[PDB]
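Close look at the chain arrangement
Okay, here's what each chain looks like letter by letter:
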Amino acid sequence: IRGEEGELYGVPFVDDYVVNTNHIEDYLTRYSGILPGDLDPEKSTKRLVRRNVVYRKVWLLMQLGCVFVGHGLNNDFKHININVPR
RNA sequence: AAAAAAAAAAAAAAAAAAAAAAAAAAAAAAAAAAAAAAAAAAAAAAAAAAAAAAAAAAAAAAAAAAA
Ligand SMILES: [Mg+2]
């Protein structure tokens, strides 16, 4: 979401669910609260894949000087496998 | 006229040198002189002389998530 003050202050530009191919063990609804929303005909979302689209998006926002506020982001970036600098 | 075979098997043979009382020399200070198997027989590995071994390297984490 756009953390900058403006007309889209806090308005998302990404709310994307995962195009996941194989079987997923845990839904982790106590940790994530997914529907599961990772259905392709039952999207109810922009069910979008990382493969060069949104990984490029976050990578470019890393690249351009757009700092990433939020909570507990360190291990999040680890499980992403992005290495956001200091 | 003491005048002997002139060398197998790589045969085989020389030395390449001394107490010197020559003249009026006492009784081991040597540094130690020191042989036995063979009835189926003697039998260290680790790396081998402590002539001076202080020998607990602090700890504390109230706990996660990730709605
Ligand atoms: Mg958390």
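Everything below is about the structure shown above.
The next thing to look at is the overall build of chain A. Helix and strand counts for chain A come out as two helices and two strands. Beginning at the N terminus, the succession of helices and strands in chain A can be written as β-β-α-α. Considering only C-alpha atoms, chain A reaches an extent of 35 × 30 × 30 Å along its principal axes. Taking all contacts inside chain A whose residues are at least 6 apart in sequence as the whole, residues at least 24 apart take part in 39%.

Tracing the backbone shows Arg47 in strand β2 (residues 46-48). At 2.7 Å, the side chain of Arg47 forms a polar contact with the backbone oxygen of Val18. Apart from residues no more than four positions distant in its own chain, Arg47 is found in contact with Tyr17, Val18, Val19, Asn20, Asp38, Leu39 and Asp40.

Another point: the environment of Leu61. Take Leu61: it is sitting in helix α1 (residues 50-64). It is 30 Å that separates the C-alpha atoms of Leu61 and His23, two residues lying 38 residues apart in sequence. Not counting residues within four places of it along the chain, the set of residues in contact with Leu61 comprises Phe13, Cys66 and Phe68.

Moving on to α1. Roughly 30° is the biggest bend found in α1, and it falls at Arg56. At the exit of α1 stands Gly65, carrying a positive phi of roughly 95°.

Thresholds applied
Residues numbered from 1 in each chain as written, not as in the entry; some residues may be left out. Chains lettered and ligands numbered in written order. Part of a larger assembly, values for the part shown. Heavy atoms only, no water. Residues with missing side-chain atoms left out of burial classes, pairs and counts. Helix = DSSP H or I, 4+ residues; strand = E, 2+ residues; numbered from the N terminus. Contact = heavy atoms within 4.5 Å. Polar contact = N/O pair within 3.5 Å; in protein donor to acceptor, adjacent residues only side chain to side chain. Bend = angle between axes of the 7 residues up to and from the residue.

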